[PDB]
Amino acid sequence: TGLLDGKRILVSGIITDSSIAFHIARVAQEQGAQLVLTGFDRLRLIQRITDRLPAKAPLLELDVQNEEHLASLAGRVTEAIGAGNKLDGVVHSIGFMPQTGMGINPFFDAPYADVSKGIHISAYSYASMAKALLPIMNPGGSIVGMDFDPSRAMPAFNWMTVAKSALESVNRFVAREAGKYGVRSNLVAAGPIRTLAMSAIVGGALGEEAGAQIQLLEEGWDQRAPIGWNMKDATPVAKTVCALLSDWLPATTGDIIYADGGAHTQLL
């Protein structure tokens, strides 16, 4: 019946009802998965948001920069899903770069402390979460992280693009470790999605020049994509994550699946 029937899956990264991870969680539940959610900092808000998912799911606190949160995560997950049960899936949908590393602020003016925080949250934490959770993952399991194609430089996204380049490299090493558990590790490289932060940026939150550049980027994406690209609809991305969480891509690991309308395959 459901693509993910019986699977136990941890989903990080919900902060609003427009988070990509909110849609990942909704579709996974539609497909029969039993979820455990993790949230950062504003847990009352996240609980109120995820009350709207089609099924109940326990919410655990996880700041990926907090060593104590990471050290206790597996035991808290096991308590939530029951002793003797393990996870079949993990979704990393976590990203952050201080404002100095994006938008109008010149690329050269981002101090390393800011870049380092952004790489910690956006790239290193993919390894951190796999380290914490692989000991409680079943063979045949799947770890999926969210990516944005960084193979070519862009306007505005600056150091966040560098962080995604690092994340793609981290994923290839996580795949080596995860394989020892019979677990796959892959990224979904999505086209642009109008999350609250992205809408705020297009609205000029990081400077008019950066907002204009990002609006132009979105327009070219739908133009290039042979099947089009709808930045207001995260469901195609959520479905692709669920495909990697399923048993139907069993020989793919260390890899990147592009849920971008095909835009990255076309020049114009």
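When you see a residue number, it is the position in the sequence shown, counting from 1.
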item	value
Given 124-132 and 103-111, the range whose Cα B-factors average higher in the PDB entry	103-111
Selected stretch [higher average CA B-factor]: 167-175 or 190-198	190-198
Deposited CA B-factor, highest of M146, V162, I143, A80	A80
Residue selected from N158, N85, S185, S151 by maximal Cα B factor	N85
Within-chain third of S18 by Cα B-factor, per the entry	middle
Record-listed C-alpha B factor of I119: chain third	lowest
Modelled-residue ranking by C-alpha temperature factor, third containing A205	highest
B-factor third for the C-alpha atom of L4 within its chain	middle
Chain-wide C-alpha B factor ranking for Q213, given as lowest, middle or highest third	highest
